[PDB]
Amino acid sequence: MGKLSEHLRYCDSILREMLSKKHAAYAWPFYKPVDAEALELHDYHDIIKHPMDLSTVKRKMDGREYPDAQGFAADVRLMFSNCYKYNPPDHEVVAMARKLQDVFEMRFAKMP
């Protein structure tokens, strides 16, 4: 695969930070697709029409599917939005999403 553009090399760095040990205490719920059968979330796919998670963002980045930084960011925000949408606002996983999202939004805004 071709080299990523400058902006996307920075985005790849954000992705690797979001998957790193540093943020694992709150990032782990986003590592893989929500397994609705395994978790018995019978209504998950009724409510969330476009699932997203970090392994999928990685698959897409490694496959050069993002045309620009905005495309990457849309997927990342979709991942957080799905979490806020599906779950009750007081669930632990919502607080974990928000902690991770604080990291994302700060790193993304400082993109050179």
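Each residue number is its position in the shown sequence, starting from 1. Just so we're on the same page, rigid core means the largest C-alpha set that superposes within 1.5 Å between forms.
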Return whichever of 77-85 or 35-43 has the larger RMS Cα deviation from the displayed form in 7 other deposited structures of this protein, where every structure is aligned on the rigid core.
35-43
Quick check on the record: does 29-37 or 73-81 carry the larger mean Cα temperature factor?
29-37
Comparing mean C-alpha B factor in the record for 64-72 and 83-91, the higher one is 64-72
Ranked against its chain, the third holding the CA B-factor of residue 43:
highest
